[PDB]
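What follows is one structure encoded as structure tokens, with my remarks underneath.
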Amino acid sequence: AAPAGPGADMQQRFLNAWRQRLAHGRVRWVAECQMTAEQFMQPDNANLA
Amino acid sequence: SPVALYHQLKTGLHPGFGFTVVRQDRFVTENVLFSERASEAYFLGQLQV
């Protein structure tokens with residue numbers, strides 16, 4: 001995003017306008033807790049491709 | 001609980017109880033046979049068409 005205006009509520013611009021789409025779907029890129037052979041396996045790692 | 005037993009097992013904590021693992025397995029054999037002089041009194045009927 002582009003930042004806009006004062007920086008004070010810029011965190012608050014992020015928290016309120018995103019909260020519906022942020023809290024609903026799980027993020028892809030937290031896969032660090034996935035193990036080594038739990039990476040390449042097809043179960044739970046449809047993000048393989 | 002079975003919801004909790006994801007986060008114990010998929011992450012890698014041993015959940016306090018351990019398993020025995022049963023599979024089936026199948027093997028071809030090559031069986032030798034034997035018999036004595038007369039084991040089967042055998043019979044043959046008349047053909048019909």
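Every read-out reported here was derived from the displayed coordinates using simple, explicitly stated rules and does not represent laboratory data. Backbone-built Cβ (ideal geometry, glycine too); neighbour counts: all protein chains shown.
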What number of residues in chain B are in a loop (DSSP other than H, G, I, E, B), within 20 Å of A:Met41 (Cβ to Cβ) and hydroxyl-bearing (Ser, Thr, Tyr)? 1
Hey, A:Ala23 more than 14 Å from chain B (Cβ to nearest Cβ), more than 25 Å from B:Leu13 (Cβ to Cβ) and of a type in the set (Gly, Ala, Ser) or not: yes
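Does region A:28-49 hold any residues that are within 14 Å of chain B (Cβ to nearest Cβ) and either without any contact (Cβ under 8 Å) to a residue 12 or more places away in the chain or touching a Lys or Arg at 6+ places or on another chain (Cβ under 8 Å) (or both), and which are they?
Narrowing region A:28-49 to residues within 14 Å of chain B (Cβ to nearest Cβ): A:30-39, A:41, A:43-45.
Scanning region A:28-49 gives A:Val30, A:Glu32, A:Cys33, A:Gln34, A:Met35, A:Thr36, A:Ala37, A:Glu38, A:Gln39, A:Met41, A:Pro43, A:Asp44.
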